[PDB]
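Peer 1: Below are the C-alpha cells for one structure; questions will follow.
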Amino acid sequence: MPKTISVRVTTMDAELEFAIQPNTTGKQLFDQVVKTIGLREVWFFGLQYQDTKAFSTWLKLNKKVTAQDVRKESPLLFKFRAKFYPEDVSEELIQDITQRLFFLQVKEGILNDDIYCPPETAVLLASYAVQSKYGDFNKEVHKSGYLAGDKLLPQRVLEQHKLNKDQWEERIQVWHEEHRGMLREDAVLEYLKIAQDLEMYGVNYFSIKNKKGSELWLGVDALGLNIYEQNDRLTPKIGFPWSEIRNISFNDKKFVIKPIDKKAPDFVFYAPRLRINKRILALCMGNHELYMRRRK
Amino acid sequence: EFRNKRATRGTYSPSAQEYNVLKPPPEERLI
C-alpha cells in the first residue's frame, strides 16, 4: 500500500479524480466529492464500489477507505449515487446539481427497464429529457431525425410495440413542441415529478421466500418495507410503514419483522445471503433516519 | 434501539427511535 492512493469517482455525468492516503476516511473522500461538484444536499448520496467478490458495496464514511473491502486496483473506482430518495422532489431538491443527479440516475433505471414505466408515460418523460437537452423545439434546426442519436425509451417499450424509430420520434417531437418556453432545469424537475409517481420509483427490491417457500420480493423505500408477490412489483401484498414496525432483525439468511402489536406474530422471510439481509437492514435504518429528519 | 454484536446478526427497532450544517448521509452501523 502506497503513501498516495489514486481514486476515481464517477457521478452520473462526470468522472472525478482524487488522491487519498492510507488513513483517509470515507467521509473525507465523500466531502471532497461533494465540495468539487458544489452539492449541498448531500444526505441522499453515497459512494459505491465493487468489492473483492465483485458485489456492489456502499462505502462506510466513518471508517478508513483502505480498511474496507476495496479491490486491488489502481486507481480505486467508486460510483457516486443516490442511496436514498426524497418523498417529494418539490419538498427537498432545491439545487440544480441535485436535481440533475437524481434525473440522470432515475432516467437510467427507466431506460434499462429497472423502473417500470407505462409506454405513454415513457414518451412524455422522453419529451422532458429532450427539452432539457435541446431547449425549445425549433423547426429550422430540429429537422426530422434530430432525435435519431438519442436513446429515449425503455427497451421493453421498444420491444413490445411495432413502432419504428421515426414513429417514436414523431410522438416525442409533438410533446417536445408543447414544452416551448420551459427552462431546461424545469424540464428536469418535471421529469422527476412524473417519475416519482411510478410505483417502482425509489424502491429497493430484494428476492425473498416466505416460510412456505414461495418466491416474493421485499421492497425498502422512504416510507417503510413492503412485501410483493413474485409477479407484481407494483402493488404490495403487505405494507409495513415505519410506525407499524417494532423491530426488524436478521440472522444469516433469515429476516424477521416484528409488528408493533405484541400479540401479533412475527413475519419471517429468507434472503439469498447474509449480505442481502445486511443491505436490507442498512437501507431500513437509513431510510427511517431520513424519514424522521423530514418530520423533526 | 440497535444491537449488532455478531457479524452475522443485526437488529433495529424503528418504533423505539424518537427525536449548524445540513445533515450528513445516514451511516451504516452494521459489522
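Naming scheme: A, B, ... for chains in displayed order of the C-alpha cells; residues 1 onward per chain; ligands 1 onward as shown.
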Counting only C-alpha atoms, which residues of chain B come no farther than 6 Å from chain A, as JSON, numbers by chain?
Peer 2: {"B": [8, 9, 10, 11, 12, 13, 15, 24, 25, 26, 28]}
Peer 1: Export N, CA and C atoms of the chosen residues as a short mmCIF file (atom, residue, chain, number, x, y, z; two decimals), in the first residue's frame?
Peer 2:
data_model
loop_
_atom_site.label_atom_id
_atom_site.label_comp_id
_atom_site.auth_asym_id
_atom_site.auth_seq_id
_atom_site.Cartn_x
_atom_site.Cartn_y
_atom_site.Cartn_z
N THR B 8 -22.96 -11.74 11.86
CA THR B 8 -23.99 -12.44 11.10
C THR B 8 -25.41 -12.18 11.62
N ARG B 9 -25.55 -11.30 12.61
CA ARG B 9 -26.87 -10.92 13.14
C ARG B 9 -26.98 -9.42 13.25
N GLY B 10 -28.21 -8.92 13.21
CA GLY B 10 -28.45 -7.50 13.40
C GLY B 10 -29.89 -7.24 13.80
N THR B 11 -30.13 -6.13 14.48
CA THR B 11 -31.46 -5.80 14.93
C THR B 11 -31.62 -4.29 15.03
N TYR B 12 -32.79 -3.81 14.66
CA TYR B 12 -33.08 -2.39 14.71
C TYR B 12 -34.55 -2.20 15.05
N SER B 13 -34.84 -1.26 15.95
CA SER B 13 -36.22 -1.00 16.36
C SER B 13 -36.66 0.39 15.94
N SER B 15 -39.84 1.73 15.82
CA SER B 15 -40.85 2.29 16.70
C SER B 15 -40.23 2.91 17.94
N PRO B 24 -25.60 15.02 7.49
CA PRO B 24 -24.82 14.10 6.67
C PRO B 24 -25.63 12.90 6.23
N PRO B 25 -25.13 12.14 5.25
CA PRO B 25 -25.76 10.87 4.88
C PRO B 25 -25.88 9.95 6.10
N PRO B 26 -26.97 9.18 6.20
CA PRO B 26 -27.02 8.16 7.26
C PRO B 26 -25.83 7.21 7.16
N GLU B 28 -24.02 3.60 7.84
CA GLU B 28 -24.23 2.19 8.10
C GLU B 28 -23.56 1.80 9.39
#
Peer 1: Range 158-230 of chain A: which residues are strand (DSSP E or B) by DSSP, as a PyMOL selection string?
Peer 2: chain A and resi 204-209+215-221+224-229
Peer 1: Selected residues, N, CA, C and O atoms, written as a PDB file, in the first residue's frame, please.
Peer 2:
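What ended up in part08.pdb:
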ATOM      1  N   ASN A 204     -36.077  -0.198  -3.310  1.00  0.00           N
ATOM      2  CA  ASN A 204     -35.028  -1.195  -3.389  1.00  0.00           C
ATOM      3  C   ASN A 204     -35.673  -2.576  -3.272  1.00  0.00           C
ATOM      4  O   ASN A 204     -36.238  -2.891  -2.237  1.00  0.00           O
ATOM      5  N   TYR A 205     -35.612  -3.383  -4.331  1.00  0.00           N
ATOM      6  CA  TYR A 205     -36.218  -4.724  -4.312  1.00  0.00           C
ATOM      7  C   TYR A 205     -35.210  -5.832  -4.046  1.00  0.00           C
ATOM      8  O   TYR A 205     -34.100  -5.826  -4.596  1.00  0.00           O
ATOM      9  N   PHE A 206     -35.634  -6.779  -3.220  1.00  0.00           N
ATOM     10  CA  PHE A 206     -34.828  -7.947  -2.867  1.00  0.00           C
ATOM     11  C   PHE A 206     -35.632  -9.223  -3.040  1.00  0.00           C
ATOM     12  O   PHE A 206     -36.817  -9.268  -2.699  1.00  0.00           O
ATOM     13  N   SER A 207     -34.972 -10.265  -3.538  1.00  0.00           N
ATOM     14  CA  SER A 207     -35.601 -11.555  -3.751  1.00  0.00           C
ATOM     15  C   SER A 207     -35.663 -12.297  -2.421  1.00  0.00           C
ATOM     16  O   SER A 207     -34.636 -12.486  -1.753  1.00  0.00           O
ATOM     17  N   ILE A 208     -36.857 -12.710  -2.021  1.00  0.00           N
ATOM     18  CA  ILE A 208     -37.028 -13.439  -0.762  1.00  0.00           C
ATOM     19  C   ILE A 208     -37.967 -14.631  -0.923  1.00  0.00           C
ATOM     20  O   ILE A 208     -38.653 -14.774  -1.943  1.00  0.00           O
ATOM     21  N   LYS A 209     -38.003 -15.488   0.094  1.00  0.00           N
ATOM     22  CA  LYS A 209     -39.021 -16.531   0.170  1.00  0.00           C
ATOM     23  C   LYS A 209     -39.714 -16.419   1.507  1.00  0.00           C
ATOM     24  O   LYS A 209     -39.114 -15.955   2.476  1.00  0.00           O
ATOM     25  N   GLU A 215     -41.753 -17.737  -3.651  1.00  0.00           N
ATOM     26  CA  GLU A 215     -40.933 -16.596  -4.061  1.00  0.00           C
ATOM     27  C   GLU A 215     -41.706 -15.279  -3.972  1.00  0.00           C
ATOM     28  O   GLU A 215     -42.849 -15.192  -4.434  1.00  0.00           O
ATOM     29  N   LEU A 216     -41.067 -14.269  -3.382  1.00  0.00           N
ATOM     30  CA  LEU A 216     -41.654 -12.945  -3.201  1.00  0.00           C
ATOM     31  C   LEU A 216     -40.585 -11.888  -3.414  1.00  0.00           C
ATOM     32  O   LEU A 216     -39.418 -12.218  -3.639  1.00  0.00           O
ATOM     33  N   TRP A 217     -40.972 -10.615  -3.345  1.00  0.00           N
ATOM     34  CA  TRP A 217     -39.991  -9.531  -3.260  1.00  0.00           C
ATOM     35  C   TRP A 217     -40.221  -8.750  -1.999  1.00  0.00           C
ATOM     36  O   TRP A 217     -41.360  -8.583  -1.546  1.00  0.00           O
ATOM     37  N   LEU A 218     -39.127  -8.286  -1.417  1.00  0.00           N
ATOM     38  CA  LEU A 218     -39.198  -7.321  -0.334  1.00  0.00           C
ATOM     39  C   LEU A 218     -38.754  -5.988  -0.897  1.00  0.00           C
ATOM     40  O   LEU A 218     -37.732  -5.906  -1.571  1.00  0.00           O
ATOM     41  N   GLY A 219     -39.536  -4.947  -0.645  1.00  0.00           N
ATOM     42  CA  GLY A 219     -39.141  -3.613  -1.048  1.00  0.00           C
ATOM     43  C   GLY A 219     -38.852  -2.762   0.168  1.00  0.00           C
ATOM     44  O   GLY A 219     -39.573  -2.833   1.167  1.00  0.00           O
ATOM     45  N   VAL A 220     -37.775  -1.985   0.098  1.00  0.00           N
ATOM     46  CA  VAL A 220     -37.484  -0.972   1.099  1.00  0.00           C
ATOM     47  C   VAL A 220     -37.519   0.370   0.401  1.00  0.00           C
ATOM     48  O   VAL A 220     -36.870   0.554  -0.630  1.00  0.00           O
ATOM     49  N   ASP A 221     -38.290   1.309   0.943  1.00  0.00           N
ATOM     50  CA  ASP A 221     -38.340   2.646   0.374  1.00  0.00           C
ATOM     51  C   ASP A 221     -38.370   3.689   1.487  1.00  0.00           C
ATOM     52  O   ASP A 221     -38.202   3.368   2.668  1.00  0.00           O
ATOM     53  N   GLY A 224     -41.069   2.798   4.368  1.00  0.00           N
ATOM     54  CA  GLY A 224     -41.119   1.562   5.114  1.00  0.00           C
ATOM     55  C   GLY A 224     -40.729   0.370   4.277  1.00  0.00           C
ATOM     56  O   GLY A 224     -39.951   0.485   3.325  1.00  0.00           O
ATOM     57  N   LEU A 225     -41.288  -0.779   4.643  1.00  0.00           N
ATOM     58  CA  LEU A 225     -40.998  -2.041   3.976  1.00  0.00           C
ATOM     59  C   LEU A 225     -42.274  -2.616   3.410  1.00  0.00           C
ATOM     60  O   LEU A 225     -43.350  -2.478   3.997  1.00  0.00           O
ATOM     61  N   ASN A 226     -42.160  -3.255   2.258  1.00  0.00           N
ATOM     62  CA  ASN A 226     -43.320  -3.876   1.620  1.00  0.00           C
ATOM     63  C   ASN A 226     -42.998  -5.268   1.110  1.00  0.00           C
ATOM     64  O   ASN A 226     -41.860  -5.553   0.716  1.00  0.00           O
ATOM     65  N   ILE A 227     -44.002  -6.135   1.121  1.00  0.00           N
ATOM     66  CA  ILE A 227     -43.838  -7.480   0.591  1.00  0.00           C
ATOM     67  C   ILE A 227     -44.680  -7.554  -0.674  1.00  0.00           C
ATOM     68  O   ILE A 227     -45.842  -7.129  -0.664  1.00  0.00           O
ATOM     69  N   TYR A 228     -44.094  -8.073  -1.755  1.00  0.00           N
ATOM     70  CA  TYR A 228     -44.775  -8.147  -3.049  1.00  0.00           C
ATOM     71  C   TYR A 228     -44.837  -9.585  -3.543  1.00  0.00           C
ATOM     72  O   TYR A 228     -43.908 -10.370  -3.311  1.00  0.00           O
ATOM     73  N   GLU A 229     -45.906  -9.928  -4.255  1.00  0.00           N
ATOM     74  CA  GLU A 229     -45.944 -11.208  -4.954  1.00  0.00           C
ATOM     75  C   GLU A 229     -44.836 -11.224  -5.992  1.00  0.00           C
ATOM     76  O   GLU A 229     -44.447 -10.181  -6.510  1.00  0.00           O
TER      77      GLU A 229
END
Peer 1: Out of A:63, A:151, A:214, A:97, which residue has the shortest atom-to-atom distance to residue 31 in chain B when counting only C-alpha atoms?
Peer 2: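 The closest residue to residue 31 in chain B is A:63.
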Peer 1: Residues near residue 122 in chain A, anyone? I mean within 12 Å using only C-alpha atoms, not counting same-chain ones fewer than 6 positions away, as an NGL selection string.
Peer 2: :A and (107 or 109-113 or 115-116 or 128-129 or 151-158 or 168 or 171-172 or 175 or 191 or 194-195 or 198)
Peer 1: Can you measure CA of residue 187 in chain A to CA of residue 132 in chain A for me? One decimal in Å is fine.
Peer 2: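 A separation of 5.5 Å between them.
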Peer 1: Could you give me, as number ranges by chain, each residue of range 52-172 of chain A that DSSP assigns to alpha helix (DSSP H) when run on this structure's backbone?
Peer 2: A: 89-92, 96-111, 119-134, 155-160, 165-172
Peer 1: Mind dumping the selected residues with N, CA and C atoms as a compact mmCIF listing (two decimals), in the first residue's frame?
Peer 2:
# COMPACT_ATOMS: atom_id res chain seq x y z
N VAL A 89 -39.72 15.35 -4.63
CA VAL A 89 -38.63 16.19 -5.10
C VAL A 89 -38.91 17.67 -4.85
N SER A 90 -40.18 18.09 -4.94
CA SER A 90 -40.51 19.50 -4.76
C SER A 90 -40.34 20.00 -3.34
N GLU A 91 -40.24 19.09 -2.39
CA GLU A 91 -40.07 19.48 -1.00
C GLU A 91 -38.61 19.50 -0.57
N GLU A 92 -37.74 18.84 -1.33
CA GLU A 92 -36.39 18.63 -0.83
C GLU A 92 -35.23 18.90 -1.77
N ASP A 96 -29.85 22.77 -8.58
CA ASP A 96 -29.78 22.23 -9.93
C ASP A 96 -28.95 20.93 -9.97
N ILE A 97 -27.80 20.90 -9.31
CA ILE A 97 -26.96 19.70 -9.36
C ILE A 97 -27.68 18.49 -8.78
N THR A 98 -28.38 18.68 -7.67
CA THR A 98 -29.05 17.56 -7.02
C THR A 98 -30.16 17.04 -7.92
N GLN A 99 -30.92 17.96 -8.52
CA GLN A 99 -31.99 17.57 -9.41
C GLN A 99 -31.41 16.83 -10.60
N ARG A 100 -30.30 17.32 -11.12
CA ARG A 100 -29.71 16.69 -12.29
C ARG A 100 -29.20 15.29 -11.99
N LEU A 101 -28.55 15.12 -10.85
CA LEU A 101 -28.05 13.81 -10.48
C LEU A 101 -29.18 12.81 -10.27
N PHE A 102 -30.27 13.23 -9.63
CA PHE A 102 -31.42 12.33 -9.49
C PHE A 102 -32.06 12.01 -10.84
N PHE A 103 -32.22 13.04 -11.67
CA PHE A 103 -32.78 12.88 -13.02
C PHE A 103 -31.98 11.84 -13.82
N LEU A 104 -30.66 11.95 -13.81
CA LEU A 104 -29.89 11.03 -14.64
C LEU A 104 -29.94 9.62 -14.09
N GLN A 105 -29.90 9.49 -12.77
CA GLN A 105 -29.90 8.15 -12.17
C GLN A 105 -31.25 7.47 -12.37
N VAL A 106 -32.33 8.22 -12.18
CA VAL A 106 -33.68 7.70 -12.38
C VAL A 106 -33.93 7.37 -13.85
N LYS A 107 -33.53 8.28 -14.73
CA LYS A 107 -33.68 8.04 -16.16
C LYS A 107 -32.94 6.77 -16.59
N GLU A 108 -31.76 6.54 -16.02
CA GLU A 108 -31.03 5.32 -16.34
C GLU A 108 -31.87 4.08 -16.01
N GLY A 109 -32.52 4.11 -14.85
CA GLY A 109 -33.34 2.99 -14.42
C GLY A 109 -34.61 2.82 -15.23
N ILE A 110 -35.15 3.92 -15.73
CA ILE A 110 -36.31 3.84 -16.61
C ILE A 110 -35.90 3.25 -17.95
N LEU A 111 -34.78 3.73 -18.48
CA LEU A 111 -34.35 3.29 -19.80
C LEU A 111 -33.91 1.83 -19.84
N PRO A 119 -45.94 2.88 -21.44
CA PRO A 119 -45.45 3.47 -22.70
C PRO A 119 -45.80 4.95 -22.89
N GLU A 120 -47.04 5.36 -22.62
CA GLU A 120 -47.37 6.76 -22.89
C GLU A 120 -46.61 7.69 -21.95
N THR A 121 -46.38 7.22 -20.72
CA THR A 121 -45.58 7.98 -19.76
C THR A 121 -44.12 8.01 -20.17
N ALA A 122 -43.63 6.91 -20.74
CA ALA A 122 -42.25 6.89 -21.24
C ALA A 122 -42.03 7.92 -22.35
N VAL A 123 -43.02 8.09 -23.21
CA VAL A 123 -42.93 9.08 -24.28
C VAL A 123 -42.92 10.49 -23.67
N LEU A 124 -43.78 10.73 -22.68
CA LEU A 124 -43.81 12.05 -22.05
C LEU A 124 -42.48 12.31 -21.34
N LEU A 125 -41.96 11.32 -20.63
CA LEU A 125 -40.67 11.52 -19.96
C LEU A 125 -39.58 11.82 -20.98
N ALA A 126 -39.56 11.05 -22.07
CA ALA A 126 -38.59 11.29 -23.13
C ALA A 126 -38.66 12.74 -23.59
N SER A 127 -39.87 13.28 -23.71
CA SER A 127 -40.02 14.65 -24.22
C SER A 127 -39.43 15.69 -23.26
N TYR A 128 -39.48 15.41 -21.95
CA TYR A 128 -38.83 16.31 -20.99
C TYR A 128 -37.32 16.16 -21.03
N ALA A 129 -36.84 14.93 -21.19
CA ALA A 129 -35.41 14.73 -21.36
C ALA A 129 -34.92 15.50 -22.59
N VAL A 130 -35.72 15.49 -23.65
CA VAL A 130 -35.40 16.21 -24.87
C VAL A 130 -35.41 17.73 -24.66
N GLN A 131 -36.43 18.24 -23.97
CA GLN A 131 -36.46 19.67 -23.65
C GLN A 131 -35.21 20.08 -22.87
N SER A 132 -34.79 19.23 -21.93
CA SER A 132 -33.60 19.52 -21.13
C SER A 132 -32.33 19.56 -21.98
N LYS A 133 -32.22 18.64 -22.92
CA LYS A 133 -31.02 18.56 -23.75
C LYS A 133 -30.98 19.60 -24.86
N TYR A 134 -32.13 19.81 -25.50
CA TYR A 134 -32.18 20.61 -26.72
C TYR A 134 -32.74 22.01 -26.55
N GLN A 155 -36.22 -0.21 -23.20
CA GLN A 155 -36.14 -1.30 -24.16
C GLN A 155 -37.44 -2.10 -24.22
N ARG A 156 -38.10 -2.27 -23.08
CA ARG A 156 -39.38 -3.00 -23.03
C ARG A 156 -40.44 -2.33 -23.89
N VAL A 157 -40.47 -1.01 -23.86
CA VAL A 157 -41.41 -0.26 -24.68
C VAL A 157 -41.13 -0.46 -26.16
N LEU A 158 -39.85 -0.39 -26.53
CA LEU A 158 -39.48 -0.58 -27.94
C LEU A 158 -39.82 -1.99 -28.42
N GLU A 159 -39.54 -2.98 -27.58
CA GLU A 159 -39.70 -4.37 -27.97
C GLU A 159 -41.16 -4.81 -28.03
N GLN A 160 -41.98 -4.21 -27.18
CA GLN A 160 -43.38 -4.63 -27.07
C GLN A 160 -44.31 -3.90 -28.03
N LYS A 165 -38.26 3.72 -35.17
CA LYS A 165 -37.68 4.89 -34.52
C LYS A 165 -38.30 6.21 -34.99
N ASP A 166 -38.60 6.30 -36.29
CA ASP A 166 -39.22 7.52 -36.83
C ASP A 166 -40.61 7.74 -36.23
N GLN A 167 -41.35 6.65 -36.03
CA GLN A 167 -42.68 6.76 -35.45
C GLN A 167 -42.62 7.20 -33.99
N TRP A 168 -41.65 6.68 -33.24
CA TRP A 168 -41.46 7.13 -31.87
C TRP A 168 -41.05 8.59 -31.82
N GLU A 169 -40.12 8.97 -32.69
CA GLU A 169 -39.65 10.36 -32.74
C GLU A 169 -40.79 11.32 -33.00
N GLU A 170 -41.75 10.92 -33.84
CA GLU A 170 -42.90 11.78 -34.10
C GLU A 170 -43.70 12.06 -32.83
N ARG A 171 -43.98 11.01 -32.05
CA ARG A 171 -44.73 11.19 -30.80
C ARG A 171 -43.95 12.08 -29.83
N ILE A 172 -42.65 11.85 -29.74
CA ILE A 172 -41.84 12.62 -28.82
C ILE A 172 -41.72 14.08 -29.25
